Amino acid sequence: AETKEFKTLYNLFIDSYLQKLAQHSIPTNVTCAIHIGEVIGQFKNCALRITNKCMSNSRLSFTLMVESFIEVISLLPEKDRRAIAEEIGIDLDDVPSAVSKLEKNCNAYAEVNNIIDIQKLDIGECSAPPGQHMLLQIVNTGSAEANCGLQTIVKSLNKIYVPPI
């Protein structure tokens, strides 16, 4: 039959984040200044879903990006929440609109990185047991700094397994 989904926390995050992206479209899209043209990682039974859904500014991306992270991470024990939040660079006490260290780290990476309209994205490890698949929805928001934020979140939440239900 068809392979069953090997769900992780990133699935919960992206599903939350995609809902917010659809609402915060004022038009439908603007001119996507950047596109995802290159995905790297270690693939075993990987299911990638690449979509464009770009918007006006990265601050709005990171805001809903942070709302979803806080919303999803709360399903973890206390010490697990603060530990991963510190690795990504998000403060669980700040309001979801506060510029996290993640966003500043991403904004700073964009100031030196290679200009051009194509972005490479590293999804880390996309592996699932035989008979299963890891769905990994990657959304381009037309910003190099926002795509950097999603990448950091992928490479962390993707390692945390959600038992099936």
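Using the entry's author numbering, the letters of the sequence shown correspond one by one to residues 2 to 166. Idealized CB from N, CA, C, for every residue including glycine.
| Query | Result |
| --- | --- |
| Considering only DSSP beta bridges, list what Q133 is partnered with. | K5 |
| Under three-state DSSP, which class holds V31? | coil |
| Figure out for me which residue from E146, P165, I166 and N141 has the closest Cα to the Cα of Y18. | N141 |
| Applying the 10 Å Cβ sphere with the 16-neighbour rule, what's the burial state of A86? | buried |
| If you count every other CB in all the chains shown that lies within 10 Å of the CB of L103, and 16 or more means buried, which is it? | buried |
| I'd like to know whether the C-beta atoms of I51 and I139 end up nearer to each other than 8 angstroms. | yes |
| Could you compute how far the alpha carbon of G38 sits from the alpha carbon of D95? | 34 angstroms |
| Select from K5, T4, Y11 and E6 the residue whose C-alpha is nearest the C-alpha of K156. | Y11 |
| Suppose contacts are defined by Cβ-Cβ distances below 8 angstroms. Is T64 in contact with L158 by that definition? | no |
| If you follow the beta strand (DSSP E) that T153 is part of, which residue opens it and which one closes it? | Run containing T153: none in the beta strand (DSSP E); it sits in the alpha helix (DSSP H), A145 to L158. |
| My assumption, with CB atoms under 8 angstroms, is that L137 sits in contact with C47. Please give the rounded CB distance. | 6 angstroms |
| For the alpha helix (DSSP H) that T64 lies in, which residues bound it at each end? | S59 to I74 |
| Taking only three categories from DSSP, how would you classify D123? | strand |
| Pull the bridge partners of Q43 from the DSSP assignment, please. | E126 |
| Do three or more CB pairs link the segment 25 to 42 to the segment 117 to 135 at distances below 8 angstroms? | yes |
| Whose C-beta lies closer than 6 angstroms to the C-beta of residue 174 among residues of the same chain, with five residues either side of it excluded? | What is shown of the chain runs 2 to 166, which leaves residue 174 out entirely. |
| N106 and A145: beta carbons closer than 8 angstroms? | no |
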